Structures are given as structure tokens and as C-alpha cells.
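See below for the structure under consideration.
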RNA sequence: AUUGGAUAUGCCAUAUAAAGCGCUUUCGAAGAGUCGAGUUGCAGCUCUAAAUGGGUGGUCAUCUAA
RNA sequence: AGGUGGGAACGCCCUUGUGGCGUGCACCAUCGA
RNA sequence: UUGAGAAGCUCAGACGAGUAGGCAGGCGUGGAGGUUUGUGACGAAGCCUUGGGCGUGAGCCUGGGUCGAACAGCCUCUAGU
């Protein structure tokens with residue numbers, strides 16, 4: 001915690017080092033799609049692989 | 001006709017070794033003598049301070065170190081630089097006066113004939 | 001992780017006392 | 001353009017989220033958020049903390065509760081002295097922008113936390129940055 | 001970032017666990033990039049290349 | 001006529017005089033604003049420490 | 001001195017520290033919110049680390065019945081800190097773990113309805129619901145904090161009337177049981193949270209006014 | 001086994017001496033067929049200096065060649 | 001750090017939509033400097 | 001109904017010469033890091049074959065004979081490919 005520090009706090013064994021952050025806040029993207037935030041608003045689904 | 005830098009890790013260590021072999025003989029005394037603080041001469045850099053060559057003949061007289069006992073205790077002298085203003089002189093007395101305050105010269109045995 | 005010319009040409013800094021006892025030796 | 005030119009596997013994830021949100025909803029927001037993540041780095045220019053604070057808070061200063069959304073980098077402007085209570089949502093925040101919003105203001109979001117706050121993208125502003133380098 | 005185990009059980013030289021723990025260092029929440037490392041490690045592995 | 005031929009260089013030397021302290025003040029006001037931009041502490045991550 | 005044992009990696013140590021919290025929490029004094037926000041970061045992980053489906057659904061009830069152990073003054077403080085700490089870090093979960101943090105929410109929303117029933121025999125319920133409603137007005141259903149996610153309130157509408165009926169099988173009297181959900185859909189700036197909240201709610205207007 | 005600079009110690013030394021810095025009613029020597037000018041391909045040829053002088057740079061600053 | 005037209009998107013609509021109504025990013029015209 | 005390597009799966013139409021040129025995906029060779037709880041004196045590599053197998057193709061896998069110490073697949077790096 002003194003070599004890499006934190007994401008908002010300087011690593012003590014490195015001048016001007018801050019740990020990077022992420023382009024996605026939750027590291028798991030197939031578990032937002034299935035949340036209650038998304039599946040309440042979405043339009044009525046179609047079927048799977050369609051019949052011929 | 002090139003200049004290849006494959007020895008660059010090696011001159012670093014060779015310098016590092018020869019800087020440790022310098023210290024072997026001088027084990028209790030520094031590997032380099034104290035240099036003054038002199039201001040660079042251009043309009044660009046005249047607000048900076050950096051190490052120079054040596055202490056003048058009147059920076060050194062005013063601190064209590066004669067020009068002959070100077071280079072024994074490791075104090076470079078510059079017989080060319082002169083103190084134009086007090087500020088050039090008051091800054092560098094406090095280089096010597098701290099150096100003499102922090103330095104301990106080991107004594108020596110003399111050659112007085114007896115009987 | 002670790003936690004004005006009259007007074008300078010006359011007065012000197014102190015003896016700079018010794019630590020770790022070998023520079024005191 | 002159908003797949004991002006990058007190999008950032010934290011950005012295959014966003015595209016895997018907004019190309020789901022593009023086709024299961026009726027918003028053209030998600031068909032515009034997705035239509036920007038494919039664009040290269042020179043096509044998503046930065047936008048400062050002052051141009052964002054100027055865009056929302058002007059004319060009538062309608063800045064009630066809308067989240068500014070840029071698919072780029074929220075950089076800083078230091079000629080802006082006081083920062084208003086803003087709320088942004090971008091991929092990258094520079095470390096002097098993220099500390100000049102939170103010091104007196106609101107929320108800094110990734111497009112993940114946007115999709116759990118405005119899943120259909122209502123009450124937002126969808127800004128860009130200036131593409132113009134004036135010679136390059 | 002999202003959420004991880006807060007304390008790690010610190011072991012002993014005999015194989016048994018010890019009561020004392022330690023916080024999870026903030027580095028373990030950093031991005032996992034199988035792409036950036038391939039670009040740096042590619043470039044750092046060619047730094048002890050003797051010429052020919 | 002303006003200034004003499006060789007004394008025009010002062011305006012070419014003058015920029016240099018600023019150019020050391022140009023970057024020098026911008027290396028310290030940079031850090032001053034990088035001193036005051038410290039993110040608060042959030043006494044929630046410290047409990048497990 | 002106590003919380004960092006609740007986040008141990010041994011269930012024989014996590015639970016062994018939980019029953020001693022029953023002694024620590026029933027004290028008759030005043031507790032400050034952050035002290036209940038640091039303690040609620042241990043019981044989050046005491047429940048975040050929960051292995052079996054026949055243990056975590058027993059651990060939830062042991063967390064649910066922890067509320068009547070709280071002193072009367074800070075009993076409403078203790079739930080307010082939970083709904084904050086169950087809305088501050090609800091995005092950090094995955095689907096293989098939300099299923100168990102829904103029932104903790106279901107119990108605590110129901111554990112509130114049980115405590116109003118207990119408090120209704122001491123003083124009239126019309127004020128008891130209001131200060132409980134106040135706790136709802138600075139926790140989840142506050143409007144100005146946009147960060148409180150939707151997945152909490154969508155699940156908080158579905159379990160609102162059904163575990164009102166569960167704790168009140170005979171007949172629940174008229175009060176402001178739905179006033180949180182009316183002031184929410186009226187002015188909250190989460191557009192879907194005012195649109196699809198009525199489509200999820202099962203409000204019962206026959207007994208309310 | 002050869003060799004280093006040291007440390008302590010023994011004997012010698014010749015000191016009627018030598019050195020640092022005050023203080024001066026005193027003195028303070030400074031490199032030539034070189035410098036320099038003219039002129040042919042830094043060299044050649046013709047000519048040939050001075051002592052606050054001579055050199056190189058902006059009346060000043062800075063240096064003390066042969 | 002100028003208004004006026006477009007124009008990405010997003011609200012409120014009630015002619016469901018249409019259309020109205022408000023905020024209008026980049027980029028482009030228009031008159032300001 | 002399980003067909004979520006979402007870089008996968010699936011439905012439907014049209015189209016198919018190609019020069020200079022432009023774009024894309026792959027095959028193979030020598031070395032380098034990682035990997036196969038990798039193969040090998042009960043026979044590795046090579047070589048030969050009126051044997052079999054795969055791929056549109058560059059190529060690869062294999063049976064038999066010969067032979068006698070090393071060698072390959074996968075993900076990357078590299079070029080005297």
C-alpha cells in the first residue's frame with residue numbers, strides 16, 4: 001500500500017503515482033444486463049434462433 | 001561511422017566501482033570536496049544557484065581558512081572568481097562556516113628534535 | 001514509508017554533535 | 001464500423017452492454033452511445049471541465065438534475081476558478097478533473113453507472129468535444 | 001474495484017492459519033489487462049538482448 | 001529606424017530570459033493546484049485497516 | 001476493535017463474532033451514524049461471504065431480528081444506515097450474489113413493518129409511521145441523491161404490500177404506508193423510477209386514504 | 001613469498017633552522033624578426049613595434065601571449 | 001467569452017402518433033466584433 | 001430446447017470473370033519467453049512409399065519400410081522466413 005498506494009492516494013514509494021481506474025465501474029458486464037435496472041424498461045423480447 | 005552505446009551499463013558500473021575504490025583510501029573523508037554556490041551568468045539563469053569551482057581568496061580569508069591550509073582539508077580555491085557583491089560573499093561564508101563546523105581533522109605527530 | 005551579513009561572518013554553526021557513536025568514537 | 005479498433009478488454013465490455021441496450025430499447029440514445037465507442041481516439045476529442053460547466057449553465061442555466069455524458073475524456077480547465085455542482089459520465093477522467101468535481105460538486109460516472117441511472121438515457125445531455133485542431 | 005474480500009488470513013510456517021489478518025491491498029482491485037501487459041512485456045523482454 | 005542592427009537580438013534574447021522561469025513557475029503552480037486537489041478520506045475503507 | 005472480525009474468512013469465526021454483537025448493540029447509549037456505517041460494512045461482508053443457501057437464508061433472519069435488539073432511540077438509526085449501505089454498494093454485486101442480497105432487503109423491509117407493530121402498542125401508529133417515513137425520506141426514497149439505484153426501489157415496491165400483509169394477517173390499519181412511493185413518482189428525477197414504479201407497485205387503496 | 005598507504009612503538013635527527021598571517025613611513029623585475037600591417041598558396045615573401053602597454057569583446061568590461 | 005437559422009440527443013405534450021412545446025452538442029450558414 | 005467462445009448462435013435474400021491497383025484472413029521455415037502433470041532407445045528428427053485421412057488451397061495428420069538422438073502442438077515475440 002506504499003508501493004502502489006490507492007486509486008485516489010499517492011503511493012508513498014513513488015513520486016506522482018496514482019493507481020489507475022476503470023472504463024467500466026463494475027468489472028462484470030453480463031450482470032448489469034440481467035439487473036432490475038435494465039430488464040424493467042426493455043421492450044418485449046423476440047424468440048431465440050427463429051423457426052424456418 | 002557510428003557511436004554505439006552497448007557499454008553504457010558498463011561505464012555506469014566502472015564509474016561506480018572507481019567511485020568506491022576512491023573511497024577505500026579516503027574511508028573517513030568525503031569522495032568530493034565542497035563546492036561554492038555561484039549564480040549562473042546569463043540573463044536566463046541569473047536567479048538559479050549551482051555548485052561552482054572553488055572558494056575565492058576573500059571568501060576564504062573571511063571564514064578563517066588561509067589559502068595554504070585550504071586544499072589540505074578539502075576546500076577548492078578559485079584564484080579567478082571574485083566577490084563583486086556582498087550577497088556573493090555572505091552566501092559562501094555560510095558554506096565554509098558550516099563545513100568547518102561539521103568537519104573534524106585528525107591530528108598529527110610532529111618532528112621537534114629532542115635533547 | 002517515511003512519516004544579515006554581520007551575523008554570518010562572525011557567528012558559526014555549532015559542533016554538529018555525533019550520532020551512532022562511531023563518529024563519536 | 002462494427003467492432004472497436006482497440007484491444008482494451010474493459011471496452012469490449014461496454015460495447016457488449018450498449019449493443020444490447022441499442023436493440024432491446026426504443027431510445028436513439030443507446031444507438032448513439034454505441035455509435036461513438038467504435039470511433040477512434042482522434043474522433044473522440046477531449047472536453048474540458050469549463051466547457052461542460054458552460055454548456056449546461058447558460059441562458060437560463062438549466063442545470064437541474066441532468067447528467068452530462070461525453071464518450072471521451074473529461075479533462076480540466078484551470079482558468080475556471082470555481083466549479084459548479086455538476087455531474088458527468090465519461091470513460092476517462094483526468095486526475096485533476098475528478099478531484100475538481102468532487103471537491104465541490106456531484107458524481108463522476110463511467111457509462112456502466114450511467115446505464116444503472118438512466119438506462120434509456122433520459123434527463124441527460126449528450127455532448128461532444130471539438131474535433132477542430134485548426135490545421136490537423 | 002467493485003467488491004472483494006476485505007481481510008486475508010495470514011498463515012504460519014507450520015501450515016496452520018493465524019488469527020491476525022491484513023487488509024486487502026488496494027493494488028488487487030486494479031484493471032486486469034491481458035493486452036497492456038502483452039505490449040509492455042513484449043518491450044521489456046528485449047532489453048537484455050546482446051547484439052549480433 | 002527601430003533599433004540598431006545588432007541590438008535587435010535583445011528581443012530574441014529576451015524570450016529566453018522568461019523561458020527558464022516560464023517552466024519554473026508552471027512546475028510549481030502545477031503542484032500547488034496538485035496540493036489542493038486531494039480527494040477526501042471516506043472513513044469507510046479504513047475499518048478493515 | 002470488533003468489526004474486523006466480522007469480515008473473517010472462517011464461518012466458525014464470522015458467526016462466533018455475530019452473537020457477541022448482540023451484547024454490544026443492546027447497550028443503552030447514543031450511537032453516531034458513521035459508527036453504524038462502519039459496523040454496517042462488516043455485516044455487509046458477513047453476508048457477502050455467505051456460502052450455503054440454507055445458511056445465508058438463516059443468516060438473514062438473524063440479521064433481521066437484530067433490529068428489535070437495538071435500543072428504541074437508535075432503532076430507526078440502525079435501519080437508515082443499512083439502507084444507505086445497501087444502496088451505496090449494490091452495483092458491486094453480480095447475479096450469482098444478488099439473489100441473496102435481495103432477501104436481506106426483503107427481511108429488513110419486513111423487519112421494519114414488524115417493529116411498527118411492536119411500537120404501535122406503546123403509542124399511536126400515526127406518528128410511528130411518519131418518523132419511519134422520515135427514515136425513508138433520507139434513505140432510499142430521498143429525491144436529491146440520484147445515486148440510489150433503481151434495483152433497490154423496484155424490489156422495494158414488490159415487497160412493500162406483501163410483507164405488510166405478512167406481518168399484519170388480520171388487517172393492517174390505515175396509515176401513510178405508501179406515502180414514500182407517492183412523493184417518489186411525483187418529483188424524483190430518475191425518469192424510469194417515476195414511470196415504471198407504479199407498474200411495479202401493488203398499492204392497496206381500499207384501506208389507505 | 002613479494003608488495004600498499006597507514007597505526008602504535010624503538011632508535012636516530014641536528015632546529016644557530018624552515019613555514020602560514022597579520023603589520024606595513026619600502027619595493028614589486030614579467031618572455032621580439034615575436035605582436036602588427038602589406039601581400040602569395042595557418043604557412044611563404046617585404047617591412048617591423050610598445051609599456052597601464054598589449055590581446056579579445058561591448059568610453060567601459062575582461063585577459064596577461066611570444 | 002454574441003445573437004439569429006439549422007442540427008445530435010433528451011424532456012413535457014395531446015391531434016396516440018402526426019404535430020406542438022423547451023433545452024440545443026459537434027459541424028455548417030447568417031449577421032457581432 | 002440447453003444453439004452465451006455475444007469474437008458465439010441463428011433466419012432470409014441478392015451476388016460470384018478480372019489487368020494496374022486497393023483491402024482481408026490464413027499456411028509454412030530458423031531462433032526467444034510462457035504452456036501442454038507434452039512425445040522419445042518398446043525408436044525423436046529425417047528419408048522412401050503401387051497405403052489410408054483431412055482442408056477450396058498454401059499445408060497437415062497418419063499406416064509400412066529405413067534409421068538412430070533428439071523433438072513438436074497452442075498463445076505471444078523475432079527474422080538472414
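Where a number appears in this text, it was derived from the coordinates with a stated rule and is not lab data. No Cβ is skipped: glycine too gets one built from the backbone with ideal geometry, and neighbour counts run over all protein chains shown.
Brief remarks on what is shown
- In the distance distribution for segment D:79-133, Cα-Cα pairs more than 16 Å apart total 51 percent.
- Relative packing of peptides D:68-78, E:25-35, A:39-49 - highest average C-beta neighbours within 10 Å first: D:68-78, E:25-35, A:39-49
- Per-residue average of Cβ from other chains inside 10 Å of B:93-101: 3
- Both radii were evaluated on the Cα set of chain F; the Rg over Rh quotient, with Rh as the Kirkwood radius, amounts to 1.54.
- Highest-first packing order for the peptide set D:42-54, B:2-14 is D:42-54, B:2-14, based on the mean count of other beta carbon atoms within 10 Å.
- Taken along its principal axes, the alpha carbon cloud of segment G:146-209 reaches lengths of 37, 21, 17 Å, longest axis first.
- For q = 0.11, 0.14, 0.16 Å⁻¹, Debye-computed log10 I/I(0) when each Cα of chain G counts as one equal scatterer: -0.53, -0.88, -1.15
- The peptide list D:115-122, C:16-23, G:94-101, put in order of mean Cβ contacts within 10 Å with the highest first, becomes D:115-122, G:94-101, C:16-23.
- The mean number of Cβ atoms from other chains found within 10 Å of a Cβ in peptide C:4-11 is 4, as a whole number.
- Once the gyration tensor of the Cα atoms in chain A is diagonalised, the equivalent ellipsoid follows with semi-axes of 44, 12, 7 Å, ordered largest first.
- Using a Förster distance of 41 Å, the FRET efficiency for residue A:50-residue G:94 (Cβ separation, nearest 0.05): 0.85
- Simple spin-label estimate for residue E:43 and residue E:22 in nanometres, 7 Å along Cα-Cβ: 3.1
- Take the Cβ atoms of residue B:67 and residue B:21, set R0 to 30 Å, and the FRET efficiency comes out at 0.50.
- Pairs of alpha carbons in chain B separated by more than 23 Å make up 50% of all such pairs.
- The mean number of partner chain beta-carbon atoms within 10 angstrom of a residue's beta-carbon across peptide D:12-24 is 4.
- As a rough footprinting exposure proxy, the listed residues G:155, G:189, B:102, D:132 were ranked by other beta carbons within 10 Å of their own, and the order from fewest upward is D:132, B:102, G:189, G:155.
- Working from Cα pairs under 8 Å separated by at least six residues, relative contact order for chain G is 18 percent.
- Here is the size of chain D from its Cα atoms: Rg then Dmax, 14.9, 43 Å.
- nm² value of the averaged projected area, convex hull over the Cα atoms of chain E: 6.9
- Inter-label distance, nm, simple model (7 Å from Cα along the C-beta direction), residue E:5/residue G:120: 4.5
- On the beta carbon distance between residue C:20 and residue D:78, with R0 = 60 Å, the FRET formula returns roughly 0.80.
- Chain D, relative contact order in percent, only Cα pairs under 8 angstrom and at least six apart counted: 25
- If you model the protein assembly as shown as an ellipsoid using its alpha carbon gyration tensor, with each semi-axis the square root of five times an eigenvalue, the axes come out at 65, 35, 27 Å, biggest first.
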